[PDB]
Amino acid sequence: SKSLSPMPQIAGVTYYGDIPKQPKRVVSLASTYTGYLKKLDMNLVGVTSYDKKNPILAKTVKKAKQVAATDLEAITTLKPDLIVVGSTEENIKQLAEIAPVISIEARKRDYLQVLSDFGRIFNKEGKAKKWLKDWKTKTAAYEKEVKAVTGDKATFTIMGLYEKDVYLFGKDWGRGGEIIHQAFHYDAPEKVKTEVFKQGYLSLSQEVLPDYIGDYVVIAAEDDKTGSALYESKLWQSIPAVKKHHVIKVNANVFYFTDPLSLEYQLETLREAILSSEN
Ligand SMILES: [Cl-]
Ligand code: NA
Ligand code: NA
Ligand SMILES: [Zn+2]
Ligand SMILES: [Zn+2]
Ligand SMILES: [Zn+2]
Ligand SMILES: [Zn+2]
Ligand SMILES: [Zn+2]
């Protein structure tokens, strides 16, 4: 009974059932995509725990219920007309019995393409295009502002802390890499480009961190406690970027994401942080 999406064939996108063109009750089970759906003015009736913990996105989905993919009863009761999932979810068959499902395989389309792809799926091309045009202009302008401070050839490394572990990231695995590397066009150290960029992420022992940091480091964490021991260590304090105050500590609860809402916050935050590194 619903008007249907044209359901274009797009790398990484799989449809289960007849996708509505204008869904009225969307359940997002993939925090990667929730904010894209919000930017295109979808009514989100269910979202993930990560979405509720994203302090930027959460403000826009207060009426949505938090659900997990296993919550077949709760999701059914929300009466969705569309469910959105990542391709690694394991009960897509059961979910597709409740409502049509869009399943997206991460990384097959870039962080901007995902928005225009949803524009095609939902016939919201104008909303997507206007956002993307503004993003292109704004990021080019901000690139000039930040490189006026650092110089054009400064190297950046994207890092994240989780529990006792340290990770490096490339240009397309969140933690600010899309903005730093794709939008501001900052280079990375050679070792990061060689060892990290293709896979997208790399687990590292803390003792080798100096070898992967050049001019600046952006470090994501979910709380202030996680990095405290690292930051106080002689190892960390010996790194030139640390001595120069070129460490930018960011809130992973928003910086994991690449949706438009999260990105807008991240962009202003990173611009201001680079300016502030010379206080
Ligand atoms: Cl932050
Ligand atoms: Na994803
Ligand atoms: Na400053
Ligand atoms: Zn049908
Ligand atoms: Zn059944
Ligand atoms: Zn550039
Ligand atoms: Zn957590
Ligand atoms: Zn400086």
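Since every read-out is calculated from the coordinates, none of them should be taken as a lab result. Counting neighbours? That spans all protein chains shown, and the Cβs are built from the backbone with ideal geometry, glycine included.
What percent does the relative contact order of the chain come to when contacts are Cα pairs within less than 8 Å and at least six residues apart?
Across the chain, relative contact order equals 18 percent.
For segment 38-54, what does the Karplus curve 6.51 cos²θ - 1.76 cosθ + 1.60, with θ = phi - 60°, yield as ³J(HN,Hα) per residue in whole Hz, taken in order and with x for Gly and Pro?
Result, ordered by residue: 5, 4, 8, 6, 7, 8, 8, 9, x, 9, 8, 4, 4, 5, 5, 8, 7 Hz.
With unit charges on the beta carbons (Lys and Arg positive, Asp and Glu negative) and the dipole taken about the Cα centre of the chain, which residue among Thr88, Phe197, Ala128 sits farthest to the positive side?
Checked the options; the winner is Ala128.
Rounded to the nearest 20 Debye, what is the dipole magnitude of segment 13-126 about its Cα centre when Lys and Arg each give +1 and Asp and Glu each give -1 at the C-beta?
Dipole about the Cα centre, nearest 20: 520 debye.
Under the Kirkwood approximation for Rh and a Cα-based Rg, what ratio Rg/Rh is obtained for segment 166-236?
Value, to two decimals: 0.95.
Using Cα-Cα distances under 8 Å and only pairs 6 or more residues apart, what relative contact order does segment 13-126 have, in percent?
Dividing the mean separation by the residue count of segment 13-126 yields 33 percent.
If the cut-off is 19 Å between C-alpha atoms, which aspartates and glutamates fall inside it for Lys124, apart from same-chain ones fewer than 8 positions away?
Within the straight-line limit of under 19 Å, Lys124 reaches these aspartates and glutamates: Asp18, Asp41, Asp81, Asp110, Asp134, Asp259.
Let me know the Rg and Dmax you get for segment 1-126 when you use only its Cα atoms, in Å.
So, for segment 1-126, Rg and Dmax equal 13.2, 37 Å respectively.
What do you get for the angle between helix 125-150 and the principal long axis of the chain? Use alpha-carbon atoms, 0 to 90 degrees, nearest ten.
It is inclined by approximately 10 degrees.
Averaged across orientations, what area in nm² does the convex hull of the alpha carbons in segment 224-279 project?
4.4 nm²
Expected output is a single nm value to one decimal: the length gained when fully extending between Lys133 and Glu90, i.e. 0.36 nm times separation in residues minus the C-alpha distance. What is it?
11.9 nm
About its Cα centre, how strong a charge dipole does segment 124-173 have in debye, to the nearest 20, once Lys and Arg get +1 and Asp and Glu get -1 at the Cβ?
420 debye
Among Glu178, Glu222, what is the fewest-to-most ranking by other Cβ atoms within 10 Å?
Neighbour counts put them in this order, fewest first: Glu222, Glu178.
Sort 238-244, 19-25 by the packing proxy (mean of other Cβ within 10 Å over each peptide's residues), most packed first.
The densest-packed peptide leads the list: 19-25, 238-244.
Quick one: Karplus J couplings for segment 264-279, per residue in order, coefficients 6.51, -1.76, 1.60, θ = phi - 60°, nearest Hz, x for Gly and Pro?
So the J values, rounded to whole Hz, are 4, 5, 4, 5, 5, 4, 5, 4, 4, 5, 5, 4, 6, 5, 9, 6.
Among rounded, prolate and oblate, which fits segment 142-276 when a ≥ b ≥ c are the square roots of the eigenvalues of its C-alpha gyration tensor, a/c under 1.5 means rounded, and a/b larger than b/c means prolate?
The shape class here is rounded.
Which links in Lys39/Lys63; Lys21/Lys127; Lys24/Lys63; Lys164/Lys191; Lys164/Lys243; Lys38/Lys129 stretch past 18 Å when you go from one Cα to the other?
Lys164/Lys191; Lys164/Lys243
Residue by residue through segment 88-100, what is 3J(HN,Hα) from phi via Karplus (6.51 cos²θ - 1.76 cosθ + 1.60, θ = phi - 60°)? Round to whole Hz and write x for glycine and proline.
Calculated HN-Hα couplings, in order: 8, 5, 10, 10, 4, 4, 5, 5, 5, 6, 7, 7, x Hz.
Taking 1 over the mean of 1/r across every pair of different Cα atoms in the chain, what Kirkwood radius in Å do you get?
Radius from the Kirkwood sum: 19.8 Å.
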